[PDB]
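Have a look at input.pdb; it's PDB, C-alpha atoms (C1' of nucleotides):
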```
ATOM      1  CA  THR A   1       3.234 -11.395  -4.597
ATOM      2  CA  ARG A   2       6.917 -11.398  -3.434
ATOM      3  CA  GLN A   3       5.688 -10.466   0.143
ATOM      4  CA  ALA A   4       4.867 -14.267   0.494
ATOM      5  CA  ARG A   5       8.604 -15.291   0.240
ATOM      6  CA  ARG A   6       9.148 -12.128   2.524
ATOM      7  CA  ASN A   7       6.838 -13.969   5.123
ATOM      8  CA  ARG A   8       7.340 -17.776   4.250
ATOM      9  CA  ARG A   9      11.200 -17.721   3.555
ATOM     10  CA  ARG A  10      11.430 -14.847   6.155
ATOM     11  CA  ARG A  11       9.730 -17.077   8.946
ATOM     12  CA  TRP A  12      11.918 -20.251   8.217
ATOM     13  CA  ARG A  13      15.128 -18.087   7.719
ATOM     14  CA  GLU A  14      14.972 -15.381  10.639
ATOM     15  CA  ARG A  15      15.127 -18.540  12.976
ATOM     16  CA  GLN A  16      18.915 -18.709  11.958
ATOM     17  CA  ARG A  17      19.773 -14.899  12.502
TER      18      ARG A  17
ATOM     19  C1'   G B   1       4.621 -15.476  17.593
ATOM     20  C1'   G B   2       1.828 -21.177  16.220
ATOM     21  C1'   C B   3       1.390 -20.852  10.490
ATOM     22  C1'   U B   4       0.409 -18.348   5.439
ATOM     23  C1'   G B   5       0.737 -13.720   2.247
ATOM     24  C1'   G B   6      -1.390  -8.956   0.433
ATOM     25  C1'   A B   7       0.523  -4.152   0.347
ATOM     26  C1'   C B   8       4.400  -0.449   1.133
ATOM     27  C1'   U B   9       8.971   2.178   1.207
ATOM     28  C1'   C B  10      13.393   0.992   0.031
ATOM     29  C1'   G B  11      18.109  -1.354  -2.149
ATOM     30  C1'   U B  12      19.396  -3.804  -6.427
ATOM     31  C1'   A B  13      18.207  -5.866 -11.709
ATOM     32  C1'   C B  14      15.340  -4.976 -15.584
ATOM     33  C1'   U B  15      12.265  -1.620 -18.055
ATOM     34  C1'   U B  16       8.095   1.378 -22.376
ATOM     35  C1'   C B  17      11.135   5.331 -17.461
ATOM     36  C1'   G B  18       5.385   4.126 -16.116
ATOM     37  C1'   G B  19       6.168   0.432 -13.592
ATOM     38  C1'   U B  20       6.948  -4.618 -12.510
ATOM     39  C1'   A B  21      10.800  -8.577 -10.847
ATOM     40  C1'   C B  22      14.844 -10.368  -6.738
ATOM     41  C1'   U B  23      13.594 -11.343   0.502
ATOM     42  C1'   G B  24      19.528 -16.564  -1.629
ATOM     43  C1'   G B  25      18.077  -7.901   1.086
ATOM     44  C1'   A B  26      16.100  -4.625   5.116
ATOM     45  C1'   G B  27      12.455  -1.364   8.168
ATOM     46  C1'   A B  28       9.706  -5.786  10.387
ATOM     47  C1'   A B  29       8.738 -12.820  12.261
ATOM     48  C1'   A B  30       5.388  -5.007  11.152
ATOM     49  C1'   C B  31       0.386  -5.439   9.527
ATOM     50  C1'   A B  32      -3.912  -8.497   7.385
ATOM     51  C1'   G B  33      -6.035 -13.682   8.296
ATOM     52  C1'   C B  34      -7.170 -16.437  13.253
ATOM     53  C1'   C B  35      -5.102 -11.044  16.247
TER      54        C B  35
END
```
Target format structure tokens, applied to this file:
Amino acid sequence: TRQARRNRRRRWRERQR
RNA sequence: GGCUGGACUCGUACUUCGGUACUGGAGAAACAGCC
């Protein structure tokens, strides 16, 4: 599913926010 | 959270109008796994 990018991309990206 | 993604509900695109697809969009690094 898309909830992988919403956990993989989400975990590497939130780090920036 | 130290790491991954399997649903949701949305917003937005599509589309048979069901339903899926976009986390270069959130609630929410929530829940599951290991907890």
In Å, with one decimal, what is the gap from atom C1' of residue 3 of chain B to atom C1' of residue 20 of chain B?
28.7 Å
Residues of chain A no more than 6 Å from chain B, counting all atoms listed in the file: send them over as a PDB file with C-alpha atoms, keeping the file's coordinate frame.
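Saved to part-v1.pdb:
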```pdb
ATOM      1  CA  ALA A   4       4.867 -14.267   0.494  1.00  0.00           C
ATOM      2  CA  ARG A   6       9.148 -12.128   2.524  1.00  0.00           C
ATOM      3  CA  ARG A  11       9.730 -17.077   8.946  1.00  0.00           C
TER       4      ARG A  11
END
```
One decimal, Å: what's the distance from atom CA of residue 7 of chain A over to atom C1' of residue 19 of chain B, could you say?
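Distance reported for this atom pair: 23.6 Å.
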Atomic separation - atom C1' of residue 11 of chain B relative to atom CA of residue 2 of chain A, Å:
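Between these atoms lies a distance of 15.1 Å.
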